[PDB]
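These are the residues of each chain, in order.
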Amino acid sequence: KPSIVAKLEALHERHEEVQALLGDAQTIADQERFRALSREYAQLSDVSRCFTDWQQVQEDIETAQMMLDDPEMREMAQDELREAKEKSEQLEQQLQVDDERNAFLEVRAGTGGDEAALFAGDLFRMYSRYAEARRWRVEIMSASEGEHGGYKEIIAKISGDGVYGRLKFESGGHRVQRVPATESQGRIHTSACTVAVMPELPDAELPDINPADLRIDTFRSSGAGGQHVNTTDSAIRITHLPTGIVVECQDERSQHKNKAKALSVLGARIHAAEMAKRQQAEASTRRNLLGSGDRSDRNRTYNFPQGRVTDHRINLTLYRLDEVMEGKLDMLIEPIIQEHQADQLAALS
Amino acid sequence: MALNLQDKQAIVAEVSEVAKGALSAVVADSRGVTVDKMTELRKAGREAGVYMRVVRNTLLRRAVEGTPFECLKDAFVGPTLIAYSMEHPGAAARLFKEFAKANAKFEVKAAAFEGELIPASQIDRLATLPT
Amino acid sequence: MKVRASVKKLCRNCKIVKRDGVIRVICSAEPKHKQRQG
Amino acid sequence: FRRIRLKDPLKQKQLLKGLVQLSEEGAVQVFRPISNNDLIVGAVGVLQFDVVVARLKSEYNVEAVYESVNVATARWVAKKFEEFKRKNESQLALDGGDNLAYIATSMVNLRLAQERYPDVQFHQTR
Amino acid sequence: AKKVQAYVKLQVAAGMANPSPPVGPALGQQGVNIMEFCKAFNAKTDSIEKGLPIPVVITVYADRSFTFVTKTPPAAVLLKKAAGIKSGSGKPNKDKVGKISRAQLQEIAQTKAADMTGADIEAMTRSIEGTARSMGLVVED
RNA sequence: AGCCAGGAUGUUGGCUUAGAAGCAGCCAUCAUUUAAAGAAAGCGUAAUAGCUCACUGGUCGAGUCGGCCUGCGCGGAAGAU
Ligand SMILES: [Mg+2]
Ligand SMILES: [Mg+2]
Ligand SMILES: [Mg+2]
Ligand SMILES: [Zn+2]
C-alpha cells in the first residue's frame, strides 16, 4: 500500500462516523438523509472490514521480527503469504465498481511533426495489440497518413464487451523522449501525441412533428391573384409550441400544398436544430478531453534511453517499457482503476 | 357451503362419538381467539391425542341429529353457538371441569357449567375425578 | 361529479339510483365515484 | 450560523472593520476559518442576522449578502494541543478575539471529535 | 396480554450485537440504548452459536426499558447449513439449487417444536418440506 | 339481505434491492390446528404497525339470485330575425 493506505484509513474513519450517525433518532427523522446513509453504508462496510483485517495482519507482521532465540522463518513466511493473498483479494473485490459499451479511439500527433506521426503509429499498434489479446474487435474508420511514418490522426472504433471501462483512462496526452528516425545526428528529442477515448452512443431520432403541439393559422395571401385570392384562406403558418420555430407558406394556390410544404420545412428545421446542438456538445467534450499537444501537459511519459514508462497521475514508474509497447499495458491500468474507485468511494459528502 | 352430501358426513362422523364417549360439556364462546383456541384444544388433546371430537356444528338440526342415541336431554343446546367436546378414555373426565380453569383463563363464557346429563345432572360443577 | 354518457359501478359501495328521470351513481366511501349521465 | 460576503470584493477592509466593531457591541461573534478566509457570523437568533446587514449598510457602505454554511456548536479550546491542531486543521477557526474554535458539522460529528482527545473544549469564553 | 405498544418484532443475527444499520435504526426511533444489548443479548447467544440469525421480540413499555425474549431460528436459515448451501433458490420451478433427505428434517423439528404447532413430529415435517420445496431443495431418497 | 364474533400458527420468505415482512417486480403458491381463514382482493407506512375483504359459527324467519328469447319507453342529444 504505497498511497491508498491513507485514503482507506480515512474511509474506515468515515465508516465509524456513519456508524455513529445512524443511531441518534434525529437524523432518522428526515428520510432523504437516512436513505442516502443506508445506501452508502454497504461499500464502506465491506471495504473497511477488509482494510482492518489487513491492518491487523500488518501489525502482526511488524511484531516477531525483533525477536531472537527462535526460528521465526516459517510463521512470518506464512503471515506475509496470507497478507499478500488478502491484499490481492481486496484489490479484486474493490477495484471494479454500469458502463461497458464500445469505444471510439482517436489518436493524433502533437509536438514533433514527422516524428509525432511515428509515435502515433507505435501507440496505435500498442492499443490494437492489447485489443487483439482480448478477443475484442477493432476496425479503422478514418486515417490520415504521416508522410514519413505512421498516422497524423487515426480514428478507430473498438468493439467488445467492457471496452470503455478499461480504455477510458487512456485519454489526454502522452510524451515520448527518444532519438527519432527522422534525425541525421544522435540528438534526443521530446514529442507528444493526444489521445481521446469516447463512448459510442445511440442516436435514436424522433419525429418531433406531433400534431398535438402545433398552432396552425390559415389566412388570406398577399400579392397579385385577382378576385379569387381575395376571398380565400390559402396561406399557412405553423408554430411549434415547445421549440418555438414558426414557418409560413404562401407559395402555391392550394391550402393543402402550402400546409404540406411548410410542415416539411418545419421538420427539416427542427431536425437541424438538434444535429447542430449535439455536434457542438461533442466538439466541446472532445476539445476538453484531448488536451493540447505541448509536451508539458501529459498523462504519461516513455523514455527509450532508460527503458522506463512513468504515469504522472499516480506517480508510478516502471522499467518494463519493452513489454508495454507490445501491448501489455494492463499493468499501467489496474492501479489507476483501483485508486479512482477509492476516490469515487471517498466523494460521498 | 356444504351441500346435502357432507351434511351426512358431519353427522355420521359425529354420531359415533356420543356412543362411545363420556361426560361432555359445551361452551358459548362467541368471542374466542384462535391463539387461545389453539391452546384450548391442543392442551386438552395433549393428554391422549386426536381423541377430541371438539367440532363446532351446533345448528338446531345439525348437532341435534347426532343426539337421539345418547345425551337426549342435552339436545336443548340448540340456541346460540356452542362447542361439543368428547372423551373416550376416562369417564367423567376433566373435560367438563378443565373448561373451568379455561373460564378463569380469558374464557369467562363457558355455557354456565352445565355439561351433559347421563346421571341427570344440573347447572352445576362436577370437579371430581379420582386418582 | 363525472358527467359522461357511460356510468358504471366502480367500487363495491357504488349504487345506481334514478332521480327525476336521470341515472346517477353515488357511493359513501370515495367521493371520486359519484357520476351523472349526460 | 450563516456566511457573509459582499457585492464588491474590493471592500473587504471595511467589512472587517464593521464586523469587529459590531462584535464589540453585542452578541454577533465572528469566525475566520484556518483556510479560505471566509467570514462566518454567529448570532444568537435570526433577527440579529437582519439587523447586522441593516446597520452594516446604514452606517458603513457594504451590502454583504448571506450564504448557508452548515455548522453547529462552535467550541473553544504545549505540544498536546499542537498535535491535535495539526492533525485536524480544516475545522479550526479564529474568532474576532483571536481565540481558537472547533467548527464541527453536527453534535454527533462533534462527540467523536472530543471522544478521541483529552481536551476540555469549553465554549463560553472567560 | 400486552399488544404492540411501541415495539417491533425483529432483530439481526444474535452472535454479536453489531449496532449496524440492520439493527441500529430498527430501535433508533424507539429510544433506549443499543450497546447494552451485549450484556443482555450476546450472553444468551454465546450458548448456541455466533452469527446464526434467530428471531426475538423487543417489547418495550413507555418507561423506555426494553424486555425481550428469544426463540428458535427460522427454517429459512435452518435449512441452509443442514442443507449444506448458504444461499437459496429464486427460480425453484425451473431449476433447483440443492438436495435434502427426509433424514434430517425431523432432526431440526424438536429444535423448532418448542412453538411450531403440529399434531406430531412427522406432521410438523410436512410444513418443513413445504417451505423447503419453494427454497429449491430437492428431496433426496 | 341485515346484525353479533373469528378472520389464525414456522415467510424480521432465499430470489432481489439500503427495506420489501400478505400487498413495487421477478419464481413457486405447500403445509399445522381448523368452523373457516388467500403463502393474499383492496386501503395505509421508509419498512413495520394499523383498517377492510375473501371464508366460517350464532340471531331472524322465508323465498331469493343471475342469465336467454321478446313489445314499448329513458340518457347519450349544442346555433345563429
Ligand atoms: Mg395576373
Ligand atoms: Mg482603505
Ligand atoms: Mg333515443
Ligand atoms: Zn364508489
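As deposited, the entry is annotated with cryo-EM as its determination method and 3.1 Å as its resolution.

Overview of the overall build of chain D
In terms of regular secondary structure, chain D is built from four helices and seven strands. The N-to-C order of helical and strand elements in chain D reads β-α-β-β-α-β-β-α-β-β-α. Its C-alpha atoms give chain D a radius of gyration of 15 Å, near enough to 14 Å, the size a compact globule of 126 residues would have. For chain D, the spread of C-alpha atoms along the three principal axes comes to 45 × 25 × 25 Å.

Points about the interface of chain A and chain E
The partner chain E presents eight residues to the seven residues of chain A that form the contact. Buried surface at the junction of chain A and chain E, both sides included, amounts to about 540 Å², of which 70% is carbon and sulfur. Linking chain A with chain E are zero salt bridges, by the criterion used here. Joining chain A to chain E, the criterion identifies one residue pair in polar contact.

Re the arrangement of the chains
The pair of protein chains exhibiting the most contacts, out of three pairs of chains in contact, is chains A and E. These two, chain A and chain C, are apart from each other, with no contact and a minimum C-alpha gap of 24 Å.

Examining unusual backbone geometry
Even without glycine at this site, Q121(D) takes up a positive phi of about 55 degrees. Inspection of the secondary structure puts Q121(D) in the segment after α4 (108-115). Phi at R64(E) is positive, roughly 65 degrees, even though this residue is not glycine. Along the chain, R64(E) turns up in the loop between β1 (56-57) and β2 (69-70). The partly exposed category is assigned to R64(E), whose relative accessible area is 42%.

Considering the sheet that holds strand β11 (residues 316-318) of chain A
Residue and element names in this part refer to chain A. Spatial ordering of the open sheet is given by β2-β3-β1-β5-β4-β9-β10-β11, a layout of eight strands whose pairing is mixed. For this open sheet the edge positions go to β2 (137-145) and β11, each flanked by a neighbour on one side alone. Here the strands of the sheet are splayed against their neighbours by 15 degrees on average, with no regard to which way each runs. Where strand β1 (residues 103-109) meets strand β5 (residues 189-199), seven bridges bridge the pair, whose relative direction is antiparallel.

Concerning the protein's contact with RNA strand F
Taken together, 50 residues sit near RNA strand F, with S30(B), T34(B), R62(B), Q11(E) and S87(E) positioned nearest. Of everything in RNA strand F that lies within 4 Å of the protein, sugar and phosphate atoms constitute 69%. The separation between a base oxygen of RNA strand F and a polar main-chain atom of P55(E) is 3.4 Å. Interatomic distance of 3.1 Å between a backbone N/O atom of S89(E) and a sugar or linking oxygen of RNA strand F. Among the secondary structure elements, those contributing two or more residues to the surface near RNA strand F are α2 (31-62) of chain A, α2 (34-45) of chain B together with α5 (121-134) of chain E. By residue number, the principal contributor to the surface near RNA strand F is α5(E), which donates seven residues. Tallied by class, residues from the surface near RNA strand F come to 17 nonpolar, 23 polar and 10 charged.

Concerning the packing of aromatic side chains
On inspection of all chains with the given rule, the structure shows 12 aromatic pairs over all chains. Measuring from centroid to centroid gives 5.6 Å for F1(D) and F31(D), while their planes differ by 45 degrees, and the two rings are tilted. With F1(D) in the segment before β1 (2-5) and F31(D) in strand β2 (residues 29-33), this pair connects stretches of sequence that are 30 residues apart. Taken together, the ring pairs connect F37(E), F41(E), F66(E) and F68(E) into an aromatic cluster. Sitting above the plane of the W54(A) ring, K1(A) keeps its charged end 3.8 Å from the centroid. When the ring centre of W136(A) is taken as reference, the NZ or CZ atom of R134(A) above it lies at 5.3 Å.

Description of the coordination of the zinc ion (ligand 4)
Residue and element names in this part refer to chain C. Within the protein, the atoms that donate to the zinc ion (ligand 4) are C11 (SG), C14 (SG), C27 (SG) and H33 (ND1), at distances of 2.1 to 2.3 Å. One can describe the donor arrangement at the zinc ion (ligand 4) as tetrahedral, given that its four donor atoms subtend angles of 99 to 117 degrees at the metal. Mapped onto the polypeptide sequence, the residues donating to the zinc ion (ligand 4) form the spacing pattern C-x2-C-x12-C-x5-H.

Quick look at the sheet that holds strand β1 (residues 2-4) of chain C
Residues and elements named next belong to chain C. Taking strand neighbours across the sheet as the criterion, the four strands line up as β1-β4-β3-β2 in an open arrangement whose pairing is mixed. Bordering the open sheet on either side are β1 and β2 (14-19), each of which pairs with just one other strand. In this sheet, neighbouring strand axes are inclined to one another by 20 degrees on average, regardless of whether the strands run parallel or antiparallel. Pairing analysis gives six bridges linking β2 to strand β3 (residues 22-27), with the strands arranged antiparallel. Its bridge partner lying in β3, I16 is registered against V25.

Re the pairing of β1(A)
Residue and element names in this part refer to chain A. Within β1, five of the seven residues are buried, leaving the element largely enclosed by the surrounding structure. Relative to strand β3 (residues 151-159), β1 runs antiparallel, the two being bridged by six bridges. Considered in β3, the bridge of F104 is made with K157.

Description of helix α2 (residues 46-58) of chain D
All names here are of chain D. For α2, with 13 residues, the first-to-last C-alpha span of 19 Å sits near the 18 Å given by 1.5 Å per residue. All of the buried residues along α2 are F49, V52, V53 and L56. The arc that holds every buried residue of α2, seen down its axis, measures 90 degrees, which confines them to one face. Residues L47 and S58 are exposed on α2 and point more than 90 degrees away from its buried face.

Cut-offs applied
- Residues numbered from 1 in each chain as written, not as in the entry; some residues may be left out.
- Chains lettered and ligands numbered in written order.
- Part of a larger assembly, values for the part shown.
- Heavy atoms only, no water.
- Residues with missing side-chain atoms left out of burial classes, pairs and counts.
- Helix = DSSP H or I, 4+ residues; strand = E, 2+ residues; numbered from the N terminus.
- Rg over C-alpha atoms; globule rule 2.2 N^0.38 Å.
- Contact = heavy atoms within 4.5 Å.
- Buried area = accessible area lost by both parts, 1.4 Å probe.
- Salt bridge = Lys/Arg side-chain N within 4 Å of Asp/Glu carboxyl O.
- Polar contact = N/O pair within 3.5 Å; in protein donor to acceptor, adjacent residues only side chain to side chain.
- Buried < 20%, exposed > 50% of the residue type's maximum accessible area, 1.4 Å probe, protein only.
- Pairing = 2+ DSSP bridges.
- Axes fitted to C-alpha atoms, helices over the stretch in contact; angles between N-to-C directions.
- Near = heavy atom within 4 Å.
- Nonpolar A, V, L, I, M, F, W, Y, C, P; charged D, E, K, R; others polar.
- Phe/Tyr/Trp six-rings, centres within 6.5 Å; stacked < 30°, edge-to-face > 60°.
- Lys NZ or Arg CZ within 6 Å of the ring centre and 35° of its normal.
- Donors = N, O, S within 2.8 Å, 3.2 Å for Na, K, Ca; no water.
- Tetrahedral: all angles 85-135°; square planar, octahedral: opposite > 155°, others 65-115°.
- Expected span 1.5 Å × (residues − 1).
- Arc of directions from axis to C-beta.

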